[PDB]
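**Student:** Here's my sequence, what's the structure:
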Amino acid sequence: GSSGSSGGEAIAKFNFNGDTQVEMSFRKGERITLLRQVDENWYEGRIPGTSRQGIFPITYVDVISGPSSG
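**Tutor:** Numbering: from 1, shown residues only. Sure, structure below:
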């Protein structure tokens, strides 16, 4: 184990089109391996197969590990 840390799982509610390397693009449905939260309205994570890394808004991705909602 190189790096040991907990995160969570999320689902891209929509498609993201990043322009800068810092930002990361994901396809609707793709699994975003949550790594860490950059800002209050920006979650960080990578994508399987593309081993990409960057930032992205919340509204875009819907995390499962959270509060209760109907």
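**Student:** drop to CA atoms for contacts and neighbour counts, all remaining ones
**Tutor:** Fine.
**Student:** Could you give the separation between the terminal residues of stretch 58-70?
**Tutor:** End-to-end distance for stretch 58-70: 19 Å, by C-alpha to C-alpha, to the nearest Å.
**Student:** What of stretch 23-34?
**Tutor:** End-to-end distance (C-alpha to C-alpha), stretch 23-34: 14 Å.
**Student:** And stretch 14-23, by the same measure?
**Tutor:** 15 Å.
**Student:** Can you pull out the residues in contact with it?
**Tutor:** Residues from elsewhere that reach stretch 14-23, judged by C-alpha atoms under 8 Å, 6 or more residues apart in numbering: 24-29, 53-56, 60-61.
**Student:** Narrow those residues to those that are buried.
**Tutor:** 24-26, 53-56, 60-61 (16 or more other C-alpha atoms under 10 Å).
**Student:** With respect to residue 3, which of those residues is nearest?
**Tutor:** Distances from residue 3 to these, taken as C-alpha to C-alpha, are shortest for residue 53 (15.6 Å).
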